[PDB]
2 protein chains.
Amino acid sequence: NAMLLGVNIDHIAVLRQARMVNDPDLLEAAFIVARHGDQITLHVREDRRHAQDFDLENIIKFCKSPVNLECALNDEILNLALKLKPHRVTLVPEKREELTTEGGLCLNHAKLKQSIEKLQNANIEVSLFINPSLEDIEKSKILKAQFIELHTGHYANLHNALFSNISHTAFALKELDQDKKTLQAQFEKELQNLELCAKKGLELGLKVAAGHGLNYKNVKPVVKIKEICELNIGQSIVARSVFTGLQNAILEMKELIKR
Amino acid sequence: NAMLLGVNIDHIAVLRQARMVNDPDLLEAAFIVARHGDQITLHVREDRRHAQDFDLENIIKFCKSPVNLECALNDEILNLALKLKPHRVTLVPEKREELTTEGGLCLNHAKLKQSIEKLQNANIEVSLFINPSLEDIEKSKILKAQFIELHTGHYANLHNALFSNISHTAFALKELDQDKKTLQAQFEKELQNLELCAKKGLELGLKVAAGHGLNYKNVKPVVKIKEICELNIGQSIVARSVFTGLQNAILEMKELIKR
Ligand code: PXP
Ligand code: PXP
């Protein structure tokens, strides 16, 4: 079961929007992802912080790759999805009403069920970005999602605190200022839980993806979870690309997820 | 007269601050600049938008390269310069009181003369980032600057409008929505003026640098201005690095500025 790699190009658009001179060119970057990744992912936020409507249009029109649009439950972006028809839509929280404390989508949101229906009626694959809880997995099955994407964010931060220098830097997370034994127990639980949730997802006929915070060090134990078929990774790849170029950054990640 | 290249690493720090996970690592990037550039430039803004105090400290402590700190006329950053002693300080506007309409430093600012004195008293080289006007060049000589850095920002935007696709994109500048002939006349004047100002600077014993907006296409006519000894370039290099890696991005630029 070869793992698939979705490359989220949001942070290339972050750089672009930082100077407003169309450099880096997101479509150039998308051509490289189309060739060396398995899908192109982007999040067109309601506030248009990074990726834009025209980016989604351009990528759909020009790139030889499946497209995964991440978006929230606002009508404007949903309608855009319905108009342009990316291959897949991954529903993610942006507003408070969509959020949970842990960062996955609130699966009780009033608009969620109809949103899913609208998308599937338009023949768009639907993925729900969720906390790794057995309850959220079972609800996702009930809501008729084809995919779920497990939030690896807490796992990633734990891995970083334990096996890198991040706690000695200005980027240290105050919440992870606890003794190593407690951190190590939480890390093991979090990884165990990701595996349990993937198995549950697979048992219910869902396709299981994982994403948020994955990097070239913390990805390695996630690859060993046989039941995860796809990782969606952005920020760490774009951060590596500053040193190696995007092609090599993607190819390096592909080598790590071989199994 | 081989042209020197200062690499401004601000936009690598922009990426880092976008996710707050110490990736990309600015010190890693600074090691690459130290090796392949001629100086490392960074702007520690009062608002700490990108580069941080600890970045200046780390680079000064660890990197085998001259350091050029860009900063404004606030006491906090000046004191930091005085404490850490980069090789050079380039005084740039951040607040309204420091600004001119065109983007160079206001050379009448009340604190400017004393700021220059404080820095030179500490044996820090001082550069003034200025509009390309003969008047600002003569004042910079009077203020006893060792360097001036000509603002190539208007030149760059003109070049982009004329010789790239930028006017057909969402990044088009409304002010440059004018007919090609007027743009072409303004472009020629702007380039002529940059040359005139460099010659004037050199005539007065100033060292002449140039920066803002320079990229792999618009740099080429600037290299032909014999009297400019140094270019300071950031955003275009970091934008290229996403595709080629920072080493190759720097080396590519170095090849273009050979003369
Ligand atoms: C649902 C989802 N998956 C994966 C990613 C990629 O995450 P990262 O940039 O941390 O790798 C994102 C972007 O935050 C996302 O929203
Ligand atoms: C004085 C000065 N020179 C050069 C640069 C580099 O400019 P750019 O990032 O547009 O190449 C900057 C950063 O805006 C600067 O402040």
# chains A, B, ... in the order shown; residues from 1 in each chain; ligands from 1
>>> interface_residues(of="chain A", to="chain B", cutoff="6 Å", atoms="only C-alpha atoms", output="short mmCIF file (atom, residue, chain, number, x, y, z; two decimals) with N, CA, C and O atoms, in the first residue's frame")
data_model
loop_
_atom_site.label_atom_id
_atom_site.label_comp_id
_atom_site.auth_asym_id
_atom_site.auth_seq_id
_atom_site.Cartn_x
_atom_site.Cartn_y
_atom_site.Cartn_z
N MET A 20 3.40 40.94 -2.92
CA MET A 20 2.39 41.34 -3.92
C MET A 20 3.01 41.65 -5.25
O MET A 20 2.58 42.60 -5.93
N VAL A 21 4.05 40.88 -5.61
CA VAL A 21 4.63 41.03 -6.96
C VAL A 21 4.55 39.76 -7.81
O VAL A 21 5.35 39.60 -8.74
N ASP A 23 5.38 36.70 -7.18
CA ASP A 23 6.63 35.96 -7.09
C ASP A 23 6.80 35.52 -5.62
O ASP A 23 6.82 36.34 -4.73
N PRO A 24 6.89 34.20 -5.35
CA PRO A 24 6.81 33.09 -6.29
C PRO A 24 5.46 32.99 -7.00
O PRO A 24 4.44 33.40 -6.48
N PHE A 171 10.21 29.84 19.87
CA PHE A 171 9.01 29.17 19.37
C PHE A 171 8.44 28.04 20.28
O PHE A 171 7.47 27.34 19.92
N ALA A 239 9.14 24.98 3.67
CA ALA A 239 10.27 25.35 4.46
C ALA A 239 11.56 24.63 4.02
O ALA A 239 12.64 25.24 3.98
N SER A 241 12.02 23.51 0.92
CA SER A 241 12.27 23.98 -0.43
C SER A 241 13.18 25.22 -0.49
O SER A 241 13.89 25.39 -1.46
N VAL A 242 13.16 26.09 0.54
CA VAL A 242 14.04 27.21 0.60
C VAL A 242 15.46 26.72 0.52
O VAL A 242 16.30 27.41 -0.04
N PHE A 243 15.73 25.52 1.05
CA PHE A 243 17.09 25.02 0.99
C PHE A 243 17.38 24.15 -0.23
O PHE A 243 18.51 24.22 -0.78
N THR A 244 16.41 23.36 -0.68
CA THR A 244 16.68 22.35 -1.75
C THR A 244 15.94 22.57 -3.02
O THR A 244 16.20 21.88 -4.03
N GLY A 245 14.95 23.45 -3.03
CA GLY A 245 14.07 23.59 -4.16
C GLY A 245 12.89 22.66 -4.01
O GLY A 245 12.98 21.63 -3.35
N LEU A 246 11.74 23.06 -4.56
CA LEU A 246 10.53 22.38 -4.30
C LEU A 246 10.52 20.92 -4.85
O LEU A 246 10.03 20.01 -4.19
#
>>> closest_atom_pairs(of="chain A", to="ligand 1", cutoff="8 Å", atoms="only C-alpha atoms and all ligand atoms", output="JSON lines")
{"residue": "A:7", "atom": "CA", "partner": "ligand 1", "partner_atom_place_in_ligand_line": "6 (C)", "distance": 7.7}
{"residue": "A:8", "atom": "CA", "partner": "ligand 1", "partner_atom_place_in_ligand_line": "6 (C)", "distance": 5.6}
{"residue": "A:10", "atom": "CA", "partner": "ligand 1", "partner_atom_place_in_ligand_line": "9 (O)", "distance": 7.3}
{"residue": "A:11", "atom": "CA", "partner": "ligand 1", "partner_atom_place_in_ligand_line": "9 (O)", "distance": 7.4}
{"residue": "A:42", "atom": "CA", "partner": "ligand 1", "partner_atom_place_in_ligand_line": "13 (C)", "distance": 7.8}
{"residue": "A:43", "atom": "CA", "partner": "ligand 1", "partner_atom_place_in_ligand_line": "16 (O)", "distance": 6.6}
{"residue": "A:70", "atom": "CA", "partner": "ligand 1", "partner_atom_place_in_ligand_line": "16 (O)", "distance": 6.3}
{"residue": "A:90", "atom": "CA", "partner": "ligand 1", "partner_atom_place_in_ligand_line": "1 (C)", "distance": 6.3}
{"residue": "A:91", "atom": "CA", "partner": "ligand 1", "partner_atom_place_in_ligand_line": "1 (C)", "distance": 7.4}
{"residue": "A:92", "atom": "CA", "partner": "ligand 1", "partner_atom_place_in_ligand_line": "1 (C)", "distance": 6.0}
{"residue": "A:128", "atom": "CA", "partner": "ligand 1", "partner_atom_place_in_ligand_line": "1 (C)", "distance": 7.9}
{"residue": "A:129", "atom": "CA", "partner": "ligand 1", "partner_atom_place_in_ligand_line": "1 (C)", "distance": 5.2}
{"residue": "A:149", "atom": "CA", "partner": "ligand 1", "partner_atom_place_in_ligand_line": "1 (C)", "distance": 6.5}
{"residue": "A:151", "atom": "CA", "partner": "ligand 1", "partner_atom_place_in_ligand_line": "3 (N)", "distance": 7.3}
{"residue": "A:153", "atom": "CA", "partner": "ligand 1", "partner_atom_place_in_ligand_line": "10 (O)", "distance": 7.4}
{"residue": "A:210", "atom": "CA", "partner": "ligand 1", "partner_atom_place_in_ligand_line": "3 (N)", "distance": 6.8}
{"residue": "A:211", "atom": "CA", "partner": "ligand 1", "partner_atom_place_in_ligand_line": "4 (C)", "distance": 4.0}
{"residue": "A:212", "atom": "CA", "partner": "ligand 1", "partner_atom_place_in_ligand_line": "7 (O)", "distance": 3.6}
{"residue": "A:213", "atom": "CA", "partner": "ligand 1", "partner_atom_place_in_ligand_line": "10 (O)", "distance": 3.7}
{"residue": "A:214", "atom": "CA", "partner": "ligand 1", "partner_atom_place_in_ligand_line": "11 (O)", "distance": 5.3}
{"residue": "A:215", "atom": "CA", "partner": "ligand 1", "partner_atom_place_in_ligand_line": "11 (O)", "distance": 7.2}
{"residue": "A:231", "atom": "CA", "partner": "ligand 1", "partner_atom_place_in_ligand_line": "4 (C)", "distance": 7.5}
{"residue": "A:232", "atom": "CA", "partner": "ligand 1", "partner_atom_place_in_ligand_line": "4 (C)", "distance": 4.5}
{"residue": "A:233", "atom": "CA", "partner": "ligand 1", "partner_atom_place_in_ligand_line": "11 (O)", "distance": 3.6}
{"residue": "A:234", "atom": "CA", "partner": "ligand 1", "partner_atom_place_in_ligand_line": "9 (O)", "distance": 3.7}
{"residue": "A:235", "atom": "CA", "partner": "ligand 1", "partner_atom_place_in_ligand_line": "9 (O)", "distance": 3.7}
{"residue": "A:236", "atom": "CA", "partner": "ligand 1", "partner_atom_place_in_ligand_line": "11 (O)", "distance": 5.8}
{"residue": "A:237", "atom": "CA", "partner": "ligand 1", "partner_atom_place_in_ligand_line": "11 (O)", "distance": 7.4}
>>> write_last_selection(atoms="N, CA, C and O atoms", output="short mmCIF file (atom, residue, chain, number, x, y, z; two decimals), in the first residue's frame")
data_model
loop_
_atom_site.label_atom_id
_atom_site.label_comp_id
_atom_site.auth_asym_id
_atom_site.auth_seq_id
_atom_site.Cartn_x
_atom_site.Cartn_y
_atom_site.Cartn_z
N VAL A 7 0.43 17.65 -1.64
CA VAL A 7 1.27 18.81 -1.27
C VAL A 7 0.42 20.05 -1.17
O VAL A 7 -0.20 20.44 -2.14
N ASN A 8 0.33 20.62 0.04
CA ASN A 8 -0.42 21.86 0.26
C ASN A 8 0.53 23.05 -0.06
O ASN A 8 1.61 23.17 0.53
N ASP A 10 -0.15 26.27 0.24
CA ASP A 10 -0.53 27.49 0.92
C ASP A 10 0.66 28.42 1.21
O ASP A 10 0.55 29.64 1.03
N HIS A 11 1.77 27.86 1.76
CA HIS A 11 2.86 28.72 2.19
C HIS A 11 3.71 29.29 1.04
O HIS A 11 4.44 30.25 1.27
N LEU A 42 -4.86 23.08 -1.70
CA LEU A 42 -4.79 24.44 -1.27
C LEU A 42 -6.03 24.82 -0.45
O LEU A 42 -7.10 24.27 -0.68
N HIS A 43 -5.88 25.74 0.50
CA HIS A 43 -6.96 26.25 1.32
C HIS A 43 -7.30 27.71 0.94
O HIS A 43 -6.57 28.65 1.25
N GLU A 70 -9.23 22.77 0.24
CA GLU A 70 -9.68 22.84 1.61
C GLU A 70 -10.54 24.06 1.73
O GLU A 70 -10.16 25.14 1.27
N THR A 90 -11.91 19.20 1.09
CA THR A 90 -11.65 18.82 2.47
C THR A 90 -12.23 19.97 3.33
O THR A 90 -11.85 21.12 3.15
N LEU A 91 -13.22 19.66 4.15
CA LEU A 91 -13.97 20.66 4.91
C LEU A 91 -13.19 20.84 6.17
O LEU A 91 -12.82 19.87 6.83
N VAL A 92 -12.83 22.10 6.43
CA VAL A 92 -12.00 22.47 7.55
C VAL A 92 -12.60 23.64 8.30
O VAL A 92 -13.32 24.46 7.73
N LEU A 128 -13.52 14.95 5.54
CA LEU A 128 -13.71 15.75 6.75
C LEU A 128 -12.43 15.76 7.53
O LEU A 128 -11.88 14.69 7.87
N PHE A 129 -11.92 16.96 7.81
CA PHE A 129 -10.73 17.11 8.66
C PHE A 129 -11.18 17.08 10.11
O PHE A 129 -11.95 17.97 10.58
N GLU A 149 -9.68 12.98 7.38
CA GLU A 149 -8.28 13.35 7.50
C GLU A 149 -8.02 13.62 8.96
O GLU A 149 -8.62 14.52 9.54
N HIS A 151 -6.21 14.90 12.15
CA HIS A 151 -5.41 16.04 12.60
C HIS A 151 -4.19 15.55 13.38
O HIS A 151 -4.33 15.13 14.52
N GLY A 153 -1.73 17.46 14.33
CA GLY A 153 -1.14 18.64 14.96
C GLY A 153 -0.58 18.49 16.36
O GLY A 153 0.51 19.01 16.66
N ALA A 210 -4.07 11.91 6.67
CA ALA A 210 -3.59 12.51 7.92
C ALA A 210 -2.82 13.79 7.54
O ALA A 210 -2.21 13.88 6.46
N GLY A 211 -2.86 14.78 8.41
CA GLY A 211 -2.19 16.05 8.12
C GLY A 211 -2.29 17.09 9.23
O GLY A 211 -3.17 16.95 10.10
N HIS A 212 -1.35 18.07 9.10
CA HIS A 212 -1.07 19.20 10.02
C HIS A 212 0.20 18.91 10.80
O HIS A 212 0.17 18.03 11.66
N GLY A 213 1.28 19.64 10.52
CA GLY A 213 2.45 19.65 11.36
C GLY A 213 3.46 18.61 10.98
O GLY A 213 4.55 18.56 11.56
N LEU A 214 3.15 17.79 9.98
CA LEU A 214 4.04 16.73 9.62
C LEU A 214 5.31 17.28 9.01
O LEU A 214 5.26 18.18 8.17
N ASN A 215 6.47 16.74 9.42
CA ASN A 215 7.71 17.22 8.89
C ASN A 215 8.65 16.05 8.65
O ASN A 215 8.27 14.90 8.77
N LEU A 231 -0.97 11.32 3.10
CA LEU A 231 -0.58 12.42 4.00
C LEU A 231 -0.69 13.68 3.20
O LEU A 231 -0.35 13.71 1.99
N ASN A 232 -1.16 14.72 3.87
CA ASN A 232 -1.26 16.03 3.29
C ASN A 232 -0.32 16.91 4.06
O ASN A 232 -0.51 17.18 5.26
N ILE A 233 0.66 17.42 3.34
CA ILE A 233 1.75 18.14 3.98
C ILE A 233 2.10 19.38 3.18
O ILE A 233 2.18 19.33 1.96
N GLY A 234 2.28 20.48 3.90
CA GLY A 234 2.53 21.80 3.26
C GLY A 234 3.73 22.52 3.82
O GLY A 234 4.81 22.54 3.24
N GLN A 235 3.60 22.99 5.05
CA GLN A 235 4.51 23.97 5.58
C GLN A 235 5.93 23.44 5.65
O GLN A 235 6.87 24.15 5.27
N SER A 236 6.10 22.20 6.07
CA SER A 236 7.44 21.64 6.21
C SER A 236 8.11 21.47 4.85
O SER A 236 9.34 21.49 4.76
N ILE A 237 7.30 21.17 3.83
CA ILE A 237 7.85 21.03 2.47
C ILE A 237 8.30 22.37 1.90
O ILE A 237 9.42 22.46 1.35
#
>>> residues_around(residues="residue A:30", least_positions_apart="4", cutoff="8 Å", atoms="only C-alpha atoms", output="PyMOL selection string")
chain A and resi 9+26+34+40+59+63
>>> select_by_dssp(residues="stretch 28-202 of chain B", states="strand (DSSP E or B)", output="list in words")
residues 39, 40, 41, 42, 43, 67, 68, 69, 70, 71, 88, 89, 90, 91, 99, 105, 125, 126, 127, 128, 129, 130, 147, 148, 149, 150 and 151 of chain B
>>> write_last_selection(atoms="N, CA and C atoms", output="mmCIF file, in the first residue's frame")
data_model
loop_
_atom_site.group_PDB
_atom_site.id
_atom_site.type_symbol
_atom_site.label_atom_id
_atom_site.label_comp_id
_atom_site.auth_asym_id
_atom_site.auth_seq_id
_atom_site.Cartn_x
_atom_site.Cartn_y
_atom_site.Cartn_z
ATOM 1 N N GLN B 39 27.534 39.854 1.877
ATOM 2 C CA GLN B 39 27.098 40.233 3.214
ATOM 3 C C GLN B 39 25.694 39.709 3.466
ATOM 4 N N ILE B 40 25.333 39.659 4.749
ATOM 5 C CA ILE B 40 24.050 39.218 5.186
ATOM 6 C C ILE B 40 23.349 40.441 5.636
ATOM 7 N N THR B 41 22.188 40.674 5.094
ATOM 8 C CA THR B 41 21.373 41.812 5.458
ATOM 9 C C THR B 41 20.082 41.358 6.134
ATOM 10 N N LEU B 42 19.671 42.054 7.190
ATOM 11 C CA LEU B 42 18.363 41.840 7.725
ATOM 12 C C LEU B 42 17.798 43.139 8.328
ATOM 13 N N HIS B 43 16.480 43.298 8.289
ATOM 14 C CA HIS B 43 15.783 44.436 8.859
ATOM 15 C C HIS B 43 14.991 44.025 10.127
ATOM 16 N N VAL B 67 27.826 41.695 8.458
ATOM 17 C CA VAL B 67 26.438 41.844 8.726
ATOM 18 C C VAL B 67 25.980 43.277 8.489
ATOM 19 N N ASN B 68 24.886 43.435 7.743
ATOM 20 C CA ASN B 68 24.282 44.733 7.531
ATOM 21 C C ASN B 68 22.881 44.714 8.149
ATOM 22 N N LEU B 69 22.729 45.390 9.283
ATOM 23 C CA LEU B 69 21.454 45.573 9.863
ATOM 24 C C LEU B 69 20.716 46.779 9.288
ATOM 25 N N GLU B 70 19.506 46.569 8.805
ATOM 26 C CA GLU B 70 18.673 47.690 8.434
ATOM 27 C C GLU B 70 17.849 48.029 9.633
ATOM 28 N N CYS B 71 17.778 49.302 9.979
ATOM 29 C CA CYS B 71 16.857 49.692 11.018
ATOM 30 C C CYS B 71 16.440 51.158 10.915
ATOM 31 N N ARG B 88 27.728 47.028 9.615
ATOM 32 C CA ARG B 88 27.116 48.143 8.949
ATOM 33 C C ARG B 88 25.683 48.249 9.433
ATOM 34 N N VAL B 89 25.210 49.476 9.527
ATOM 35 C CA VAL B 89 23.806 49.780 9.726
ATOM 36 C C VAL B 89 23.258 50.624 8.589
ATOM 37 N N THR B 90 22.160 50.165 7.976
ATOM 38 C CA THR B 90 21.516 50.898 6.887
ATOM 39 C C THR B 90 20.222 51.488 7.502
ATOM 40 N N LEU B 91 20.125 52.805 7.535
ATOM 41 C CA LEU B 91 19.030 53.504 8.205
ATOM 42 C C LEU B 91 17.948 53.605 7.183
ATOM 43 N N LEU B 99 9.556 58.777 6.913
ATOM 44 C CA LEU B 99 9.223 58.464 5.533
ATOM 45 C C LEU B 99 9.237 59.684 4.606
ATOM 46 N N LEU B 105 14.595 57.401 3.015
ATOM 47 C CA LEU B 105 14.626 58.050 4.323
ATOM 48 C C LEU B 105 14.459 59.568 4.187
ATOM 49 N N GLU B 125 29.772 51.123 10.406
ATOM 50 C CA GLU B 125 29.617 51.789 9.114
ATOM 51 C C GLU B 125 28.168 52.191 8.967
ATOM 52 N N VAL B 126 27.922 53.375 8.431
ATOM 53 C CA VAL B 126 26.546 53.845 8.247
ATOM 54 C C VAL B 126 26.208 54.057 6.759
ATOM 55 N N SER B 127 25.073 53.462 6.338
ATOM 56 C CA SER B 127 24.504 53.665 5.014
ATOM 57 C C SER B 127 23.142 54.333 5.137
ATOM 58 N N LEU B 128 22.830 55.276 4.257
ATOM 59 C CA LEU B 128 21.502 55.891 4.241
ATOM 60 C C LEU B 128 20.757 55.381 3.032
ATOM 61 N N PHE B 129 19.582 54.798 3.280
ATOM 62 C CA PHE B 129 18.710 54.361 2.184
ATOM 63 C C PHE B 129 17.891 55.555 1.715
ATOM 64 N N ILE B 130 18.119 55.945 0.474
ATOM 65 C CA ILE B 130 17.572 57.198 -0.035
ATOM 66 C C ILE B 130 16.943 57.114 -1.389
ATOM 67 N N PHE B 147 28.191 55.276 3.146
ATOM 68 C CA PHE B 147 27.433 54.661 2.080
ATOM 69 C C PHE B 147 26.111 55.346 1.898
ATOM 70 N N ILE B 148 25.636 55.280 0.679
ATOM 71 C CA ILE B 148 24.241 55.544 0.372
ATOM 72 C C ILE B 148 23.711 54.327 -0.391
ATOM 73 N N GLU B 149 22.419 54.081 -0.260
ATOM 74 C CA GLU B 149 21.790 52.992 -0.990
ATOM 75 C C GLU B 149 20.619 53.567 -1.732
ATOM 76 N N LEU B 150 20.694 53.531 -3.067
ATOM 77 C CA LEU B 150 19.655 54.083 -3.894
ATOM 78 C C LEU B 150 18.477 53.129 -3.978
ATOM 79 N N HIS B 151 17.290 53.688 -3.738
ATOM 80 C CA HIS B 151 16.002 53.005 -3.805
ATOM 81 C C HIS B 151 15.643 52.704 -5.259
#
>>> select_by_dssp(residues="stretch 95-231 of chain A", states="alpha helix (DSSP H)", output="PyMOL selection string")
chain A and resi 112-121+134-142+153-163+180-203+220-223
>>> decode(residues="stretch 82-135 of chain B", atoms="C-alpha atoms", output="PDB file, in the first residue's frame")
ATOM      1  CA  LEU B  82      25.220  49.745  19.585  1.00  0.00           C
ATOM      2  CA  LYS B  83      25.257  46.663  21.831  1.00  0.00           C
ATOM      3  CA  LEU B  84      25.818  43.987  19.175  1.00  0.00           C
ATOM      4  CA  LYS B  85      27.858  46.010  16.647  1.00  0.00           C
ATOM      5  CA  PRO B  86      26.984  44.729  13.230  1.00  0.00           C
ATOM      6  CA  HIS B  87      29.548  45.798  10.615  1.00  0.00           C
ATOM      7  CA  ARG B  88      27.116  48.143   8.949  1.00  0.00           C
ATOM      8  CA  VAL B  89      23.806  49.780   9.726  1.00  0.00           C
ATOM      9  CA  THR B  90      21.516  50.898   6.887  1.00  0.00           C
ATOM     10  CA  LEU B  91      19.030  53.504   8.205  1.00  0.00           C
ATOM     11  CA  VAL B  92      15.635  53.023   6.690  1.00  0.00           C
ATOM     12  CA  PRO B  93      12.244  54.562   7.251  1.00  0.00           C
ATOM     13  CA  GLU B  94       9.530  52.645   9.174  1.00  0.00           C
ATOM     14  CA  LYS B  95       7.436  55.472  10.845  1.00  0.00           C
ATOM     15  CA  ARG B  96       5.687  58.407   9.094  1.00  0.00           C
ATOM     16  CA  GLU B  97       8.181  60.922  10.538  1.00  0.00           C
ATOM     17  CA  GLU B  98      11.019  58.929   8.854  1.00  0.00           C
ATOM     18  CA  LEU B  99       9.223  58.464   5.533  1.00  0.00           C
ATOM     19  CA  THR B 100       9.243  60.328   2.242  1.00  0.00           C
ATOM     20  CA  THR B 101       6.516  59.902  -0.429  1.00  0.00           C
ATOM     21  CA  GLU B 102       8.919  57.936  -2.671  1.00  0.00           C
ATOM     22  CA  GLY B 103      10.202  55.597   0.071  1.00  0.00           C
ATOM     23  CA  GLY B 104      13.728  56.697   0.896  1.00  0.00           C
ATOM     24  CA  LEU B 105      14.626  58.050   4.323  1.00  0.00           C
ATOM     25  CA  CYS B 106      13.622  61.616   5.233  1.00  0.00           C
ATOM     26  CA  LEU B 107      17.059  63.210   5.539  1.00  0.00           C
ATOM     27  CA  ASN B 108      15.705  66.116   7.634  1.00  0.00           C
ATOM     28  CA  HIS B 109      14.577  63.846  10.478  1.00  0.00           C
ATOM     29  CA  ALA B 110      15.479  65.467  13.850  1.00  0.00           C
ATOM     30  CA  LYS B 111      17.218  62.320  15.202  1.00  0.00           C
ATOM     31  CA  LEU B 112      19.111  61.434  12.014  1.00  0.00           C
ATOM     32  CA  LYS B 113      22.348  63.350  12.571  1.00  0.00           C
ATOM     33  CA  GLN B 114      22.791  62.174  16.224  1.00  0.00           C
ATOM     34  CA  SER B 115      21.875  58.576  15.213  1.00  0.00           C
ATOM     35  CA  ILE B 116      24.650  58.602  12.600  1.00  0.00           C
ATOM     36  CA  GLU B 117      27.080  60.036  15.133  1.00  0.00           C
ATOM     37  CA  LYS B 118      26.158  57.421  17.765  1.00  0.00           C
ATOM     38  CA  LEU B 119      26.710  54.620  15.231  1.00  0.00           C
ATOM     39  CA  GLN B 120      30.033  55.959  13.843  1.00  0.00           C
ATOM     40  CA  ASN B 121      31.250  56.644  17.382  1.00  0.00           C
ATOM     41  CA  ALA B 122      30.700  52.903  17.930  1.00  0.00           C
ATOM     42  CA  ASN B 123      32.718  52.152  14.765  1.00  0.00           C
ATOM     43  CA  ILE B 124      29.672  50.930  12.832  1.00  0.00           C
ATOM     44  CA  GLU B 125      29.617  51.789   9.114  1.00  0.00           C
ATOM     45  CA  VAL B 126      26.546  53.845   8.247  1.00  0.00           C
ATOM     46  CA  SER B 127      24.504  53.665   5.014  1.00  0.00           C
ATOM     47  CA  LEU B 128      21.502  55.891   4.241  1.00  0.00           C
ATOM     48  CA  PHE B 129      18.710  54.361   2.184  1.00  0.00           C
ATOM     49  CA  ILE B 130      17.572  57.198  -0.035  1.00  0.00           C
ATOM     50  CA  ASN B 131      15.521  58.275  -2.971  1.00  0.00           C
ATOM     51  CA  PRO B 132      17.653  58.742  -6.072  1.00  0.00           C
ATOM     52  CA  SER B 133      17.780  62.543  -6.008  1.00  0.00           C
ATOM     53  CA  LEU B 134      20.914  64.663  -6.355  1.00  0.00           C
ATOM     54  CA  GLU B 135      19.717  66.733  -3.362  1.00  0.00           C
TER      55      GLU B 135
END
